file data_19.cif (mmCIF, C-alpha atoms)
data_final
#
loop_
_atom_site.label_atom_id
_atom_site.label_comp_id
_atom_site.auth_asym_id
_atom_site.auth_seq_id
_atom_site.Cartn_x
_atom_site.Cartn_y
_atom_site.Cartn_z
CA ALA F 1 29.64 -65.73 -13.49
CA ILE F 2 27.19 -63.47 -15.33
CA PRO F 3 24.07 -62.79 -13.22
CA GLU F 4 21.09 -64.92 -14.23
CA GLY F 5 19.23 -63.69 -17.31
CA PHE F 6 22.16 -61.77 -18.85
CA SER F 7 24.56 -62.52 -21.69
CA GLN F 8 27.58 -60.57 -22.89
CA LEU F 9 27.13 -58.13 -25.77
CA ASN F 10 29.87 -58.36 -28.29
CA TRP F 11 31.15 -55.52 -30.47
CA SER F 12 34.20 -55.72 -32.68
CA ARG F 13 34.80 -51.97 -32.88
CA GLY F 14 33.39 -48.58 -31.96
CA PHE F 15 32.40 -47.02 -28.66
CA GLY F 16 30.41 -49.94 -27.13
CA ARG F 17 33.55 -52.03 -27.10
CA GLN F 18 35.56 -49.17 -25.63
CA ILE F 19 33.19 -49.08 -22.65
CA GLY F 20 32.38 -52.75 -22.36
CA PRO F 21 32.00 -55.42 -21.36
CA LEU F 22 28.26 -54.82 -21.43
CA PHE F 23 25.51 -57.40 -20.99
CA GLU F 24 21.93 -57.60 -22.25
CA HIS F 25 19.00 -59.35 -20.65
CA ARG F 26 17.52 -62.31 -22.48
CA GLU F 27 14.12 -62.15 -24.17
CA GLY F 28 10.98 -62.05 -22.01
CA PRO F 29 10.61 -60.22 -18.69
CA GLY F 30 13.50 -57.79 -18.10
CA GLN F 31 14.58 -57.78 -21.79
CA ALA F 32 14.86 -53.98 -21.78
CA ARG F 33 17.73 -54.22 -19.22
CA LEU F 34 21.38 -53.81 -19.93
CA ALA F 35 24.11 -54.36 -17.35
CA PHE F 36 27.79 -54.00 -16.77
CA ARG F 37 30.36 -54.90 -14.14
CA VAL F 38 32.49 -51.96 -13.00
CA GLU F 39 36.03 -52.74 -14.09
CA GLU F 40 39.17 -50.71 -13.71
CA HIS F 41 38.78 -49.03 -17.11
CA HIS F 42 35.38 -47.73 -15.98
CA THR F 43 36.68 -46.05 -12.90
CA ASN F 44 38.07 -42.77 -11.83
CA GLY F 45 41.36 -44.56 -10.89
CA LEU F 46 40.27 -44.58 -7.25
CA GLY F 47 37.95 -47.59 -7.23
CA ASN F 48 34.75 -45.77 -8.29
CA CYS F 49 32.80 -45.78 -11.55
CA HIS F 50 33.22 -42.57 -13.46
CA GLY F 51 30.00 -40.60 -13.79
CA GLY F 52 30.76 -40.21 -17.50
CA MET F 53 30.64 -43.98 -17.81
CA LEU F 54 27.31 -44.12 -16.04
CA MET F 55 25.89 -41.49 -18.49
CA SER F 56 27.15 -43.38 -21.54
CA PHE F 57 25.62 -46.52 -20.05
CA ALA F 58 22.30 -44.71 -19.44
CA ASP F 59 22.27 -43.49 -23.05
CA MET F 60 22.60 -47.09 -24.36
CA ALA F 61 20.42 -48.70 -21.65
CA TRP F 62 17.52 -46.23 -22.11
CA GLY F 63 17.71 -46.12 -25.94
CA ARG F 64 17.60 -49.96 -26.01
CA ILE F 65 13.77 -49.44 -25.83
CA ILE F 66 13.67 -48.12 -29.41
CA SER F 67 15.88 -50.88 -30.72
CA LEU F 68 13.66 -53.54 -29.16
CA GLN F 69 10.31 -51.95 -30.10
CA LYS F 70 11.24 -50.97 -33.67
CA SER F 71 14.65 -52.14 -34.83
CA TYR F 72 15.26 -48.58 -36.06
CA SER F 73 18.52 -46.74 -35.97
CA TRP F 74 18.20 -43.85 -33.53
CA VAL F 75 20.01 -40.81 -32.18
CA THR F 76 19.86 -39.11 -28.75
CA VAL F 77 18.19 -35.68 -28.86
CA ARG F 78 18.12 -35.02 -25.10
CA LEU F 79 19.58 -36.82 -22.10
CA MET F 80 19.05 -35.69 -18.49
CA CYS F 81 20.58 -37.60 -15.53
CA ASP F 82 20.48 -36.88 -11.78
CA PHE F 83 23.20 -38.82 -9.91
CA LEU F 84 22.03 -40.10 -6.51
CA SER F 85 24.79 -42.48 -5.51
CA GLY F 86 28.01 -43.96 -6.82
CA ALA F 87 29.16 -47.39 -7.98
CA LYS F 88 32.42 -49.03 -7.04
CA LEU F 89 34.86 -51.38 -8.66
CA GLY F 90 33.13 -54.82 -9.09
CA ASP F 91 29.54 -53.57 -8.65
CA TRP F 92 26.93 -55.08 -10.99
CA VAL F 93 25.18 -52.10 -12.46
CA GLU F 94 21.86 -52.34 -14.33
CA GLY F 95 19.90 -49.87 -16.43
CA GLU F 96 16.42 -49.82 -17.98
CA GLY F 97 14.06 -47.29 -19.47
CA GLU F 98 10.28 -47.16 -19.66
CA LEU F 99 8.78 -45.84 -22.91
CA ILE F 100 6.39 -43.08 -21.92
CA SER F 101 5.43 -41.43 -25.20
CA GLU F 102 6.20 -41.02 -28.89
CA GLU F 103 5.53 -37.97 -31.08
CA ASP F 104 6.55 -38.07 -34.72
CA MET F 105 9.36 -40.50 -34.04
CA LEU F 106 10.70 -38.84 -30.88
CA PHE F 107 10.49 -41.42 -28.13
CA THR F 108 10.56 -40.23 -24.53
CA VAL F 109 12.03 -42.75 -22.09
CA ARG F 110 12.05 -42.38 -18.29
CA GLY F 111 14.98 -44.22 -16.86
CA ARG F 112 16.91 -45.62 -13.89
CA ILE F 113 20.38 -47.10 -13.33
CA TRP F 114 20.91 -49.15 -10.17
CA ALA F 115 23.37 -51.40 -8.35
CA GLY F 116 21.31 -53.77 -6.22
CA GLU F 117 19.13 -51.79 -3.84
CA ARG F 118 20.98 -48.54 -4.61
CA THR F 119 19.56 -46.22 -7.31
CA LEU F 120 22.58 -44.55 -8.99
CA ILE F 121 20.81 -42.41 -11.58
CA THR F 122 17.27 -41.33 -12.34
CA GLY F 123 16.54 -39.46 -15.50
CA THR F 124 14.95 -38.95 -18.89
CA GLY F 125 16.11 -39.56 -22.47
CA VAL F 126 14.56 -38.42 -25.73
CA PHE F 127 15.59 -40.42 -28.75
CA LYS F 128 14.85 -39.81 -32.42
CA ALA F 129 14.19 -42.90 -34.48
CA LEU F 130 15.77 -42.49 -37.90
CA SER F 131 15.08 -45.48 -40.16
CA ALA F 132 14.63 -49.25 -40.37
CA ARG F 133 17.76 -51.36 -39.97
CA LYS F 134 18.49 -55.10 -39.89
CA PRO F 135 16.76 -56.60 -36.82
CA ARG F 136 18.85 -58.18 -34.10
CA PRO F 137 17.91 -61.28 -32.09
CA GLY F 138 15.39 -60.51 -29.32
CA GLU F 139 13.96 -57.44 -31.08
CA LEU F 140 10.27 -57.36 -31.98
CA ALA F 141 11.01 -57.25 -35.78
CA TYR F 142 13.39 -60.22 -35.66
CA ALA E 1 49.08 -31.95 -35.70
CA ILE E 2 47.26 -30.87 -32.54
CA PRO E 3 45.32 -27.62 -33.09
CA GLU E 4 47.12 -24.56 -31.72
CA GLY E 5 46.79 -24.08 -27.95
CA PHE E 6 46.10 -27.76 -27.12
CA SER E 7 48.23 -30.54 -25.67
CA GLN E 8 47.41 -34.20 -25.15
CA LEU E 9 46.15 -35.30 -21.75
CA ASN E 10 47.76 -38.46 -20.57
CA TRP E 11 46.17 -41.06 -18.29
CA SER E 12 47.69 -44.43 -17.49
CA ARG E 13 44.43 -46.10 -16.47
CA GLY E 14 40.76 -45.53 -15.82
CA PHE E 15 37.95 -44.14 -17.95
CA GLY E 16 39.73 -41.05 -19.41
CA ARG E 17 42.17 -43.31 -21.17
CA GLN E 18 39.37 -45.55 -22.39
CA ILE E 19 37.80 -42.57 -24.15
CA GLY E 20 40.91 -40.69 -25.15
CA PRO E 21 42.93 -39.29 -26.66
CA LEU E 22 41.75 -36.06 -25.07
CA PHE E 23 43.46 -32.68 -25.19
CA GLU E 24 43.48 -29.71 -22.83
CA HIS E 25 43.98 -26.07 -23.68
CA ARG E 26 47.09 -24.38 -22.36
CA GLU E 27 46.97 -21.80 -19.57
CA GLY E 28 45.54 -18.33 -20.33
CA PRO E 29 42.60 -17.59 -22.63
CA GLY E 30 40.67 -20.76 -23.50
CA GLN E 31 42.19 -22.79 -20.62
CA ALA E 32 38.76 -24.14 -19.66
CA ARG E 33 38.55 -25.97 -23.04
CA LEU E 34 39.07 -29.64 -23.62
CA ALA E 35 39.11 -31.25 -27.06
CA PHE E 36 39.22 -34.55 -28.81
CA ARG E 37 39.53 -35.90 -32.33
CA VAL E 38 36.80 -38.37 -33.28
CA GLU E 39 38.54 -41.70 -33.82
CA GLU E 40 37.09 -45.05 -34.72
CA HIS E 41 36.72 -46.13 -31.08
CA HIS E 42 34.52 -43.08 -30.49
CA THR E 43 32.09 -43.87 -33.22
CA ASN E 44 28.95 -45.79 -33.75
CA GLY E 45 30.82 -48.02 -36.28
CA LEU E 46 29.32 -45.99 -39.13
CA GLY E 47 31.67 -43.00 -39.15
CA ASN E 48 29.82 -40.88 -36.53
CA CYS E 49 30.67 -40.02 -32.93
CA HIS E 50 28.50 -41.87 -30.48
CA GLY E 51 26.26 -39.58 -28.46
CA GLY E 52 27.38 -41.44 -25.33
CA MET E 53 30.93 -40.33 -26.09
CA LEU E 54 29.83 -36.74 -26.48
CA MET E 55 28.06 -36.89 -23.05
CA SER E 56 31.12 -38.36 -21.33
CA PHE E 57 33.19 -35.64 -22.99
CA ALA E 58 30.73 -32.95 -21.82
CA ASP E 59 30.91 -34.29 -18.26
CA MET E 60 34.74 -33.93 -18.22
CA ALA E 61 34.85 -30.71 -20.29
CA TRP E 62 32.25 -28.89 -18.14
CA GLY E 63 33.57 -30.19 -14.78
CA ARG E 64 37.09 -28.99 -15.76
CA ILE E 65 35.88 -25.59 -14.38
CA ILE E 66 35.95 -26.89 -10.80
CA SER E 67 39.34 -28.49 -11.21
CA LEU E 68 40.82 -25.26 -12.54
CA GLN E 69 39.13 -22.91 -10.05
CA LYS E 70 39.68 -25.05 -6.93
CA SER E 71 41.77 -28.17 -7.47
CA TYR E 72 39.07 -30.09 -5.59
CA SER E 73 37.92 -33.58 -6.34
CA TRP E 74 34.33 -33.43 -7.58
CA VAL E 75 31.38 -35.58 -8.56
CA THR E 76 28.56 -34.96 -11.08
CA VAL E 77 25.16 -34.45 -9.40
CA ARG E 78 23.18 -33.51 -12.53
CA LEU E 79 24.00 -33.48 -16.23
CA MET E 80 21.55 -32.30 -18.93
CA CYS E 81 22.50 -32.31 -22.65
CA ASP E 82 20.46 -31.37 -25.74
CA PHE E 83 22.03 -32.77 -28.93
CA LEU E 84 21.77 -30.37 -31.89
CA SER E 85 24.07 -31.93 -34.45
CA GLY E 86 26.45 -34.83 -34.87
CA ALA E 87 30.21 -35.21 -35.23
CA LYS E 88 31.94 -37.47 -37.72
CA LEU E 89 35.11 -39.48 -37.83
CA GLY E 90 38.12 -37.03 -37.80
CA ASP E 91 36.18 -33.98 -36.52
CA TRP E 92 37.95 -31.82 -33.93
CA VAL E 93 35.45 -31.49 -31.15
CA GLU E 94 35.78 -28.91 -28.35
CA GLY E 95 33.94 -28.42 -25.07
CA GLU E 96 33.85 -25.69 -22.42
CA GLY E 97 31.66 -24.67 -19.52
CA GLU E 98 30.94 -21.31 -17.95
CA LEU E 99 30.65 -21.23 -14.15
CA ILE E 100 27.35 -19.57 -13.37
CA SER E 101 26.86 -20.08 -9.65
CA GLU E 102 27.96 -21.95 -6.53
CA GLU E 103 25.85 -22.83 -3.49
CA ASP E 104 27.44 -24.77 -0.65
CA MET E 105 29.91 -26.45 -2.96
CA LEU E 106 27.48 -27.26 -5.79
CA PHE E 107 28.80 -25.54 -8.88
CA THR E 108 26.42 -24.94 -11.76
CA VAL E 109 28.10 -24.86 -15.18
CA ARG E 110 26.39 -23.91 -18.45
CA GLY E 111 28.06 -25.66 -21.30
CA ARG E 112 28.60 -26.19 -25.04
CA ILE E 113 30.36 -28.78 -27.22
CA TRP E 114 31.17 -27.78 -30.79
CA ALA E 115 33.01 -28.87 -33.94
CA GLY E 116 34.04 -25.70 -35.75
CA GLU E 117 30.99 -23.60 -36.52
CA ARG E 118 28.61 -26.45 -35.58
CA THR E 119 27.22 -26.58 -32.01
CA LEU E 120 26.83 -30.29 -31.15
CA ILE E 121 25.50 -30.02 -27.60
CA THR E 122 24.17 -27.31 -25.33
CA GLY E 123 23.48 -28.08 -21.73
CA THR E 124 23.97 -27.72 -18.00
CA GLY E 125 26.03 -29.63 -15.42
CA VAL E 126 25.90 -29.45 -11.64
CA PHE E 127 29.00 -30.68 -9.90
CA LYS E 128 29.65 -31.21 -6.20
CA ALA E 129 33.11 -30.30 -5.00
CA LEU E 130 34.25 -32.83 -2.42
CA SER E 131 37.69 -31.98 -1.02
CA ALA E 132 41.14 -30.55 -1.73
CA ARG E 133 43.47 -32.69 -3.82
CA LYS E 134 47.00 -32.26 -5.21
CA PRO E 135 46.94 -29.38 -7.73
CA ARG E 136 47.77 -30.07 -11.36
CA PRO E 137 49.71 -27.75 -13.67
CA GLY E 138 47.56 -24.88 -15.00
CA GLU E 139 45.14 -24.96 -12.05
CA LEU E 140 44.74 -21.85 -9.89
CA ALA E 141 46.16 -23.64 -6.75
CA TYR E 142 49.25 -24.93 -8.56
#

call {"tool": "encode", "arguments": {"input": "data_19.cif", "output": "structure tokens"}}
result
Amino acid sequence: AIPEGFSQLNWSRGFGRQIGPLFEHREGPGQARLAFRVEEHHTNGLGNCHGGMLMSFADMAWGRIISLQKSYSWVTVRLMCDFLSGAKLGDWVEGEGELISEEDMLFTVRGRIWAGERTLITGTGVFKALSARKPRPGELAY
Amino acid sequence: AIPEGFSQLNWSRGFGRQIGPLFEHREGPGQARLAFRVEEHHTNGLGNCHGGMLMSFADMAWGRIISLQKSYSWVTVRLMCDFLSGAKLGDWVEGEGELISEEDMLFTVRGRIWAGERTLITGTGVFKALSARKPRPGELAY
């Protein structure tokens, strides 16, 4: 029962699959959102989401902006996260960034991660767009 | 062939196992260091370590300070990472923090992650120590 508007992302290999399952919001309003359900392999072994998981999730959730806007490959240059509250096993966690500025292909994204009415993380990411790649469904270039 | 001074950390479940294998430095000089070898499940599918992996690794590497000093459970309150260079498949990556200050159980740790002579990440973590837990071998309380 995936929350309305979301569909599962599918990787075959690499780090996204290690930390999945992750979900992306469909095209239109809320498209910039990713989500995940806290599962045992996300946790600290004690029923709570590991903060390292939430940072990895913020990295991907907030960088999603650049993918959608440009369909460029990109790399994190800076990531800053303040942790306000925790997530537990089975929480539906969501993440989104807002694109504030771009200078010479450095995109600054202000971001949040939340689980319902609880804000888990507030922070800022700076991502460097590298070069054009094959567009993916839902991206502007697709 | 684990680099001299390191032994594999072993988890049975949870997020550390998802992102392993990780290694910890033996007791004595360098004890505060963790390490990992970049494997395919760490990468971006293109031979390079995902930046989200490196942040998760920094979280655990830099918080290791509190574990060693206190054998307290702890939680990340703030994590800030500037990414200077990338790691590739098969690189031996190491991470360590230096404990700068403590106020009322918030421990501020200045940190680095490196692969040989390359610094991958410089940053700062603030960790909140929560309560005593069972000491682990190599920790001060053990």

call {"tool": "interface_residues", "arguments": {"input": "data_19.cif", "of": "chain E", "to": "chain F", "cutoff": "12 Å", "atoms": "all atoms listed in the file", "output": "mmCIF file with C-alpha atoms, keeping the file's coordinate frame"}}
result
data_model
loop_
_atom_site.group_PDB
_atom_site.id
_atom_site.type_symbol
_atom_site.label_atom_id
_atom_site.label_comp_id
_atom_site.auth_asym_id
_atom_site.auth_seq_id
_atom_site.Cartn_x
_atom_site.Cartn_y
_atom_site.Cartn_z
ATOM 1 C CA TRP E 11 46.170 -41.060 -18.290
ATOM 2 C CA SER E 12 47.690 -44.430 -17.490
ATOM 3 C CA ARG E 13 44.430 -46.100 -16.470
ATOM 4 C CA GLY E 14 40.760 -45.530 -15.820
ATOM 5 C CA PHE E 15 37.950 -44.140 -17.950
ATOM 6 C CA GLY E 16 39.730 -41.050 -19.410
ATOM 7 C CA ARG E 17 42.170 -43.310 -21.170
ATOM 8 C CA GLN E 18 39.370 -45.550 -22.390
ATOM 9 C CA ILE E 19 37.800 -42.570 -24.150
ATOM 10 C CA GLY E 20 40.910 -40.690 -25.150
ATOM 11 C CA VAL E 38 36.800 -38.370 -33.280
ATOM 12 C CA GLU E 39 38.540 -41.700 -33.820
ATOM 13 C CA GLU E 40 37.090 -45.050 -34.720
ATOM 14 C CA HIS E 41 36.720 -46.130 -31.080
ATOM 15 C CA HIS E 42 34.520 -43.080 -30.490
ATOM 16 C CA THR E 43 32.090 -43.870 -33.220
ATOM 17 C CA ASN E 44 28.950 -45.790 -33.750
ATOM 18 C CA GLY E 45 30.820 -48.020 -36.280
ATOM 19 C CA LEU E 46 29.320 -45.990 -39.130
ATOM 20 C CA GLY E 47 31.670 -43.000 -39.150
ATOM 21 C CA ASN E 48 29.820 -40.880 -36.530
ATOM 22 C CA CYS E 49 30.670 -40.020 -32.930
ATOM 23 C CA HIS E 50 28.500 -41.870 -30.480
ATOM 24 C CA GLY E 51 26.260 -39.580 -28.460
ATOM 25 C CA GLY E 52 27.380 -41.440 -25.330
ATOM 26 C CA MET E 53 30.930 -40.330 -26.090
ATOM 27 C CA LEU E 54 29.830 -36.740 -26.480
ATOM 28 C CA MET E 55 28.060 -36.890 -23.050
ATOM 29 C CA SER E 56 31.120 -38.360 -21.330
ATOM 30 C CA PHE E 57 33.190 -35.640 -22.990
ATOM 31 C CA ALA E 58 30.730 -32.950 -21.820
ATOM 32 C CA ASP E 59 30.910 -34.290 -18.260
ATOM 33 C CA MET E 60 34.740 -33.930 -18.220
ATOM 34 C CA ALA E 61 34.850 -30.710 -20.290
ATOM 35 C CA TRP E 62 32.250 -28.890 -18.140
ATOM 36 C CA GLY E 63 33.570 -30.190 -14.780
ATOM 37 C CA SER E 73 37.920 -33.580 -6.340
ATOM 38 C CA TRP E 74 34.330 -33.430 -7.580
ATOM 39 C CA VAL E 75 31.380 -35.580 -8.560
ATOM 40 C CA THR E 76 28.560 -34.960 -11.080
ATOM 41 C CA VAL E 77 25.160 -34.450 -9.400
ATOM 42 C CA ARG E 78 23.180 -33.510 -12.530
ATOM 43 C CA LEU E 79 24.000 -33.480 -16.230
ATOM 44 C CA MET E 80 21.550 -32.300 -18.930
ATOM 45 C CA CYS E 81 22.500 -32.310 -22.650
ATOM 46 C CA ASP E 82 20.460 -31.370 -25.740
ATOM 47 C CA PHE E 83 22.030 -32.770 -28.930
ATOM 48 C CA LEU E 84 21.770 -30.370 -31.890
ATOM 49 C CA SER E 85 24.070 -31.930 -34.450
ATOM 50 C CA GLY E 86 26.450 -34.830 -34.870
ATOM 51 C CA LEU E 89 35.110 -39.480 -37.830
ATOM 52 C CA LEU E 120 26.830 -30.290 -31.150
ATOM 53 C CA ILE E 121 25.500 -30.020 -27.600
ATOM 54 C CA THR E 122 24.170 -27.310 -25.330
ATOM 55 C CA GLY E 123 23.480 -28.080 -21.730
ATOM 56 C CA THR E 124 23.970 -27.720 -18.000
ATOM 57 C CA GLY E 125 26.030 -29.630 -15.420
ATOM 58 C CA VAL E 126 25.900 -29.450 -11.640
ATOM 59 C CA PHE E 127 29.000 -30.680 -9.900
ATOM 60 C CA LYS E 128 29.650 -31.210 -6.200
#

call {"tool": "resolve_selection", "arguments": {"input": "data_19.cif", "expression": "the PyMOL selection byres ((chain F and resi 136) around 12)", "output": "PyMOL selection string"}}
result
chain F and resi 9+27+64+67-73+132-135+137-142

call {"tool": "write_last_selection", "arguments": {"input": "data_19.cif", "atoms": "C-alpha atoms", "output": "PDB file, in the frame of the given file"}}
result
ATOM      1  CA  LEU F   9      27.130 -58.130 -25.770  1.00  0.00           C
ATOM      2  CA  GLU F  27      14.120 -62.150 -24.170  1.00  0.00           C
ATOM      3  CA  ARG F  64      17.600 -49.960 -26.010  1.00  0.00           C
ATOM      4  CA  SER F  67      15.880 -50.880 -30.720  1.00  0.00           C
ATOM      5  CA  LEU F  68      13.660 -53.540 -29.160  1.00  0.00           C
ATOM      6  CA  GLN F  69      10.310 -51.950 -30.100  1.00  0.00           C
ATOM      7  CA  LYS F  70      11.240 -50.970 -33.670  1.00  0.00           C
ATOM      8  CA  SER F  71      14.650 -52.140 -34.830  1.00  0.00           C
ATOM      9  CA  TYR F  72      15.260 -48.580 -36.060  1.00  0.00           C
ATOM     10  CA  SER F  73      18.520 -46.740 -35.970  1.00  0.00           C
ATOM     11  CA  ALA F 132      14.630 -49.250 -40.370  1.00  0.00           C
ATOM     12  CA  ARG F 133      17.760 -51.360 -39.970  1.00  0.00           C
ATOM     13  CA  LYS F 134      18.490 -55.100 -39.890  1.00  0.00           C
ATOM     14  CA  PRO F 135      16.760 -56.600 -36.820  1.00  0.00           C
ATOM     15  CA  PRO F 137      17.910 -61.280 -32.090  1.00  0.00           C
ATOM     16  CA  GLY F 138      15.390 -60.510 -29.320  1.00  0.00           C
ATOM     17  CA  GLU F 139      13.960 -57.440 -31.080  1.00  0.00           C
ATOM     18  CA  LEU F 140      10.270 -57.360 -31.980  1.00  0.00           C
ATOM     19  CA  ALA F 141      11.010 -57.250 -35.780  1.00  0.00           C
ATOM     20  CA  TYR F 142      13.390 -60.220 -35.660  1.00  0.00           C
TER      21      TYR F 142
END

call {"tool": "atom_distance", "arguments": {"input": "data_19.cif", "atom1": "atom CA of residue 24 of chain E", "atom2": "atom CA of residue 101 of chain E"}}
result
23.3 Å

call {"tool": "atom_distance", "arguments": {"input": "data_19.cif", "atom1": "atom CA of residue 4 of chain E", "atom2": "atom CA of residue 37 of chain E"}}
result
13.7 Å

call {"tool": "residues_around", "arguments": {"input": "data_19.cif", "residues": "segment 31-35 of chain E", "least_positions_apart": "5", "cutoff": "6 Å", "atoms": "only C-alpha atoms", "output": "ChimeraX atom specification"}}
result
/E:22-26,61,93-96

call {"tool": "atom_distance", "arguments": {"input": "data_19.cif", "atom1": "atom CA of residue 112 of chain F", "atom2": "atom CA of residue 103 of chain E"}}
result
26.6 Å

call {"tool": "axis_aligned_box", "arguments": {"input": "data_19.cif", "around": "segment 3-22 of chain E", "padding_each_side": "6 Å", "output": "AutoDock Vina command-line options"}}
result
--center_x 43.0 --center_y -35.1 --center_z -24.5 --size_x 22.4 --size_y 34.0 --size_z 29.3

call {"tool": "closest_residue", "arguments": {"input": "data_19.cif", "among": "F:3, F:66, F:88, F:8", "to": "residue 118 of chain F", "atoms": "all atoms listed in the file"}}
result
F:88

call {"tool": "decode", "arguments": {"input": "data_19.cif", "residues": "segment 82-99 of chain F", "atoms": "N, CA, C and O atoms", "output": "short mmCIF file (atom, residue, chain, number, x, y, z; two decimals), in the first residue's frame"}}
result
data_model
loop_
_atom_site.label_atom_id
_atom_site.label_comp_id
_atom_site.auth_asym_id
_atom_site.auth_seq_id
_atom_site.Cartn_x
_atom_site.Cartn_y
_atom_site.Cartn_z
N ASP F 82 20.53 19.30 10.02
CA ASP F 82 20.26 19.43 11.44
C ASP F 82 19.13 18.47 11.71
O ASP F 82 18.13 18.50 10.97
N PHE F 83 19.30 17.58 12.69
CA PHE F 83 18.36 16.50 13.00
C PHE F 83 17.48 16.92 14.19
O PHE F 83 17.99 17.08 15.30
N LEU F 84 16.19 17.07 13.94
CA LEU F 84 15.23 17.60 14.88
C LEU F 84 14.41 16.55 15.62
O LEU F 84 13.94 16.79 16.74
N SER F 85 14.16 15.43 14.96
CA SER F 85 13.44 14.33 15.53
C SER F 85 13.74 13.07 14.75
O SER F 85 14.27 13.14 13.62
N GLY F 86 13.38 11.95 15.33
CA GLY F 86 13.73 10.63 14.81
C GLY F 86 12.58 9.93 14.13
O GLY F 86 11.44 10.29 14.33
N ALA F 87 12.87 8.90 13.34
CA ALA F 87 11.84 8.13 12.67
C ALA F 87 11.93 6.71 13.21
O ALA F 87 12.98 6.28 13.66
N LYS F 88 10.82 6.00 13.21
CA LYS F 88 10.81 4.67 13.77
C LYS F 88 10.47 3.68 12.69
O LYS F 88 10.03 4.04 11.60
N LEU F 89 10.68 2.41 13.02
CA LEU F 89 10.36 1.32 12.14
C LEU F 89 8.91 1.47 11.63
O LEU F 89 8.01 1.66 12.43
N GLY F 90 8.71 1.40 10.31
CA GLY F 90 7.37 1.55 9.68
C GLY F 90 6.89 2.98 9.41
O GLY F 90 5.84 3.18 8.77
N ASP F 91 7.63 3.99 9.85
CA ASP F 91 7.28 5.37 9.46
C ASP F 91 7.47 5.59 7.96
O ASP F 91 8.44 5.08 7.37
N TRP F 92 6.55 6.34 7.37
CA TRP F 92 6.65 6.84 6.00
C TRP F 92 7.35 8.18 6.00
O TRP F 92 6.79 9.19 6.45
N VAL F 93 8.55 8.18 5.46
CA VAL F 93 9.42 9.34 5.55
C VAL F 93 9.46 9.98 4.16
O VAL F 93 9.64 9.28 3.18
N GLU F 94 9.38 11.30 4.09
CA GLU F 94 9.40 12.01 2.82
C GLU F 94 10.47 13.08 2.87
O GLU F 94 10.87 13.51 3.96
N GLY F 95 10.94 13.45 1.70
CA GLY F 95 12.04 14.41 1.54
C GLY F 95 11.86 15.24 0.28
O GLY F 95 11.42 14.71 -0.71
N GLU F 96 12.15 16.54 0.33
CA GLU F 96 12.05 17.38 -0.84
C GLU F 96 12.99 18.53 -0.65
O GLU F 96 13.15 19.01 0.48
N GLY F 97 13.56 19.01 -1.74
CA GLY F 97 14.31 20.27 -1.70
C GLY F 97 13.62 21.36 -2.49
O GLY F 97 12.82 21.08 -3.37
N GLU F 98 13.95 22.61 -2.18
CA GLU F 98 13.59 23.75 -3.01
C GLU F 98 14.85 24.37 -3.60
O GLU F 98 15.82 24.66 -2.87
N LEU F 99 14.85 24.55 -4.92
CA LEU F 99 16.01 25.13 -5.61
C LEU F 99 16.01 26.61 -5.35
O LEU F 99 15.10 27.32 -5.79
#
